[PDB]
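Only one chain is given next, in structure tokens, and it is the form deposited in one PDB entry.
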């Protein structure tokens, strides 16, 4: 049967989040980007709410909690996108929200299309690996815990205990299906290498975000208030490499 912590993770998953996209009039790049930003503002709230129910997290110093969220928001959102796209449309469209699903036709702008192809590697890997919901839920928590400041965290001990606990839980998740030590271990390698590889992908999304943000008035792209602050607070420092990404492999 399903381990308790995984059952809890399932129960604290956010409910479906709508973009609120005006689905009548057609896409310009800038209107589509505004909708994505509006959706991202709703997803950020939902990430912050989720984190308050996530076992272990609230017990870290409040500054660590804020930092871990500001560092991981993009990863969490690309990972969420991959899962939904995998689950709902067999990884063959980008399922941002039920009212915002993008197929190839709706990605005109080449820079944005390039970005979408990059994000698309995640749903493709989920399909290839056949990631279970149980593995995903533990992987997601490890993403929240996958980048820390160069100095480390105020609650460094508690943080490392928490990360360890979700790594064991992922190994439990893997065991639900993957029987046998060699298959289990190869599977662990694969899923944690996927997490390692997300740092690279996410760096491209970070740069595109800060660019679009600085140029927002020239592009007519709207950035809501909470998103604007996470970007202003941390994105230049993150892009400048002034953070320590955690890696499962050398």
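Positions refer to the first chain, counted from 1. Basically, rigid core = biggest C-alpha set you can superpose within 1.5 Å across the two forms.
- The records show that residue 24 is omitted from the coordinate set of at least a third of the other eligible entries of this protein.
- Relative to its counterpart among 14-22 and 225-233, 14-22 has the higher mean temperature factor, C-alpha atoms as listed in the PDB entry.
- The mean C-alpha temperature factor is higher for 188-196 when 188-196 and 37-45 are set side by side.
- Of all the options 78, 142, 176, 100, the entry's greatest CA B-factor is assigned to 176.
- Within the group 118, 90, 133, 72, the record's highest C-alpha temperature factor is found at 118.
- Among all modelled residues in this chain, the alpha-carbon of residue 82 has a temperature factor (C-alpha) in the lowest third.
- Annotation for residue 112: CA B-factor lies in the highest third of the chain's modelled residues.
- Remark: residue 66 belongs to the lowest third of its chain, ranked by C-alpha B-factor as recorded.
- Annotation for residue 150: CA B-factor lies in the highest third of the chain's modelled residues.
- Sort the modelled residues of the chain by CA B factor and residue 54 lands in the lowest third.
There is another form of this protein, the form deposited in another entry, and it is not shown here; the text below is about that form.
- Core superposition between this form and the one not shown leaves every listed residue (119, 107, 131, 143) with a C-alpha shift below 2 angstroms except 107.
- Relative to the superposed rigid core, the position of the CA of residue 10 differs between this form and the one not shown by less than 2 Å.
- Shown in the overlay between this form and the one not shown, fitted on the rigid core, is a CA shift at residue 189 smaller than 2 Å.
- After superposing the rigid core, the Cα of residue 19 is displaced by less than 2 Å between this form and the one not shown.
- In the other form, the separation between the C-alpha atoms of residue 204 and residue 237 shrinks by 3 Å or more relative to the displayed form.
- Compared with the form shown here, the Cα atoms of residue 159 and residue 238 move at least 3 Å farther apart in the other form.
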